Amino acid sequence: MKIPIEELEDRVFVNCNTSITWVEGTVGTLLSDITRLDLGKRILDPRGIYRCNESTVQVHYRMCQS
Amino acid sequence: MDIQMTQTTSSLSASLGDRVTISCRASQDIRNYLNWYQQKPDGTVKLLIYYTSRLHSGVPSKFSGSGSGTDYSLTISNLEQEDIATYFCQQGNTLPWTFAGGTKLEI
Amino acid sequence: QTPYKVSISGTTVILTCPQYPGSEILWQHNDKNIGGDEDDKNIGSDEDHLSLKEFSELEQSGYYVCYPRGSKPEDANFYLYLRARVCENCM
Amino acid sequence: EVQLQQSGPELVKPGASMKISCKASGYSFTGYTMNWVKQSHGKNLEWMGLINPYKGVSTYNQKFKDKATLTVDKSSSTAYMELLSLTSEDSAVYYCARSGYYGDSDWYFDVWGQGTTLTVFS
């Protein structure tokens, strides 16, 4: 399926049932307990490729400075 | 390495009112992308069932399909004169799409 | 596997499918088929490219996926999640 | 109603070529995929290839890529299949059959033409 991307408040998260594989792009911060990868503030245009274990999602934000 | 489809029973005779079952086998798992067609004596072809068990619009409930992996079957209940035809299965899992040799039903 | 190419220039967004060179390519946006002969003439599919003219953030952000003829959208496992604004002098 | 009307029977000598047609009515030609199927010996069915009528892009069964050329005429809602370098092995009934435009339904044929008989002999 497609990996859910959460846009909560001003942050972007990749939500996997299990571990979150980083493939390329924005590294982000792993929030192990809630099994989500915090790609950070959307205004910082997060862009990368991630894989949940299978599906893969390429995230591309272009917010034009806020 | 195309997928080979087979219908071991080439011909079947039955009686009016009966229920028959036509078997179809794939050489590889086709993941339920299996369709059934009916060809009349004049050569006209109509879709009956697609994706193993979904009835096509206009097809009567007497037709039902089942199967999984490599084994599938078409069950035709309460046979009528209008059902005399050749039945064919076809896999829609991998290109090139392929068909089996058909089962001719006489009633 | 190669990444989707994402080209945002002015008011037009152009996506380019990663692989399947030599194959006809089909697309889905938020699980809806697009790129065919539908009402919206600002959406065009040509070769491995999907062109979204006068792109609308509100209606066109979301999941995009491409797959080669012969394949099923349900089997696609590599999606693009696009959230873009086409503001003047975006930079 | 929804129908595919194919051109009439054709008799040709070996080495000739022949283009057969299929006229769609009752539905939007460019909103569906067009396929061609060969039936020889009045039984064995083989999928030859498909063409996207909207884009004019075709995808063939490798077994028939050398044998057929698919085209369409959007203005007239007509699909064509040209059969090349004919031999007696090409004698058969050829059907055009519709399938969905997209991958969610392009793999099952929901509307079939009546078939066109081609006989190649000398």
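Chains as they are written, first to last, in our numbering: chain Z, 1 to 66; chain W, 1001 to 1107; chain A, 2001 to 2091; chain P, 3001 to 3122.
C-beta: ideal position from N, C-alpha, C; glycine also.
So, is residue i buried or exposed, given that buried needs 16 or more other C-beta atoms within 10 angstroms?
i, result
"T2002(A)", "exposed"
"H3041(P)", "exposed"
"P3053(P)", "buried"
"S2061(A)", "buried"
"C2087(A)", "exposed"
"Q3006(P)", "buried"
"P1096(W)", "buried"
"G3113(P)", "buried"
"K3074(P)", "exposed"
"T3059(P)", "buried"
"residue 2978(P)", "With chain P covering 3001 to 3122 only, the question about residue 2978(P) has no answer from this structure."
"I34(Z)", "exposed"
Are any of the Cβ atoms in chain P nearer than 7 Å to that of residue i?
i, result
"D2039(A)", "no"
"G2036(A)", "yes"
"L2015(A)", "no"
"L1047(W)", "yes"
"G1065(W)", "no"
"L2052(A)", "no"
"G1058(W)", "no"
Would you say residue i faces chain W, with C-beta separation under 7 Å as the test?
i, result
"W3036(P)", "no"
"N3061(P)", "yes"
"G3015(P)", "no"
Using a C-beta cutoff of 7 Å, does residue i count as contacting chain Z?
i, result
"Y2079(A)", "yes"
"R2085(A)", "yes"
"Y2004(A)", "yes"
"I2043(A)", "no"
"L2082(A)", "yes"
Quick check on residue i - is its C-beta less than 7 Å from some C-beta in chain A?
i, result
"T3030(P)", "yes"
"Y3102(P)", "yes"
"residue 1110(W)", "Chain W is shown from 1001 up to 1107; residue 1110(W) falls before or after that span and cannot be answered."
"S19(Z)", "no"
"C16(Z)", "no"
"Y50(Z)", "no"
"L1095(W)", "yes"
"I5(Z)", "yes"
"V3120(P)", "no"
With 9 Å as the C-beta to C-beta threshold (strictly closer), list the residues of the region 1067-1091 of chain W near chain P in chain order.
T1086, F1088, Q1090, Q1091
Using a Cβ-Cβ cutoff of 9 Å, what residues of the region 3041-3053 of chain P are near chain A? List them in chain order.
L3050, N3052, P3053
Taking only runs that begin and end inside the region 2026-2087 of chain A, name each unbroken beta strand (DSSP E) of 3 or more residues, in chain order.
2032-2034, 2043-2046, 2049-2052, 2062-2068, 2078-2084
So, does the region 2053-2065 of chain A touch the region 1086-1096 of chain W, judging by three or more C-beta pairs under 8 Å?
no
Where the region 3072-3096 of chain P meets chain W: residues whose CB sits under 9 Å from a CB there:
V3093, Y3095
Under 8 Å, with one C-beta from each stretch per pair, do the region 2015-2028 of chain A and the region 2061-2077 of chain A reach the 3-pair mark?
yes
Segment contact flag, the region 1010-1029 of chain W with the region 52-64 of chain Z, C-beta cutoff 8 Å, min 3 pairs:
no
Contact list for the region 1016-1038 of chain W against chain A, Cβ threshold 7 Å
none
Within the chosen definition, does the region 1063-1070 of chain W reach the region 3075-3085 of chain P through at least 3 CB pairs nearer than 8 Å?
no
For the region 1090-1104 of chain W and the region 1023-1037 of chain W, state whether three or more C-beta atom pairs, one from each stretch, are separated by less than 8 Å.
yes
Inside the region 1001-1053 of chain W only - beta strand (DSSP E) runs reaching at least 3 residues:
1011-1013, 1020-1026, 1034-1039, 1045-1050
Could you name the residues of the region 3102-3118 of chain P whose beta carbon sits closer than 7 Å to any beta carbon of chain W, in the order they occur along the chain?
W3107, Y3108, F3109, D3110, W3112, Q3114, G3115
What alpha helix (DSSP H) runs, 4 residues minimum, are completely inside the region 3029-3101 of chain P?
none
Is it a yes or a no for the region 39-53 of chain Z touching the region 18-30 of chain Z, going by three-plus beta-carbon pairs under 8 Å?
yes
Any 3 or more C-beta pairs closer than 8 Å across the region 3031-3040 of chain P and the region 3088-3105 of chain P:
yes
Note down, in chain order, all residues in the region 2056-2075 of chain A with a beta-carbon under 7 Å from any beta-carbon belonging to chain W.
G2070
Those runs of the beta strand (DSSP E) which lie wholly inside the region 1050-1098 of chain W and span at least 3 residues
1063-1068, 1071-1076, 1085-1091
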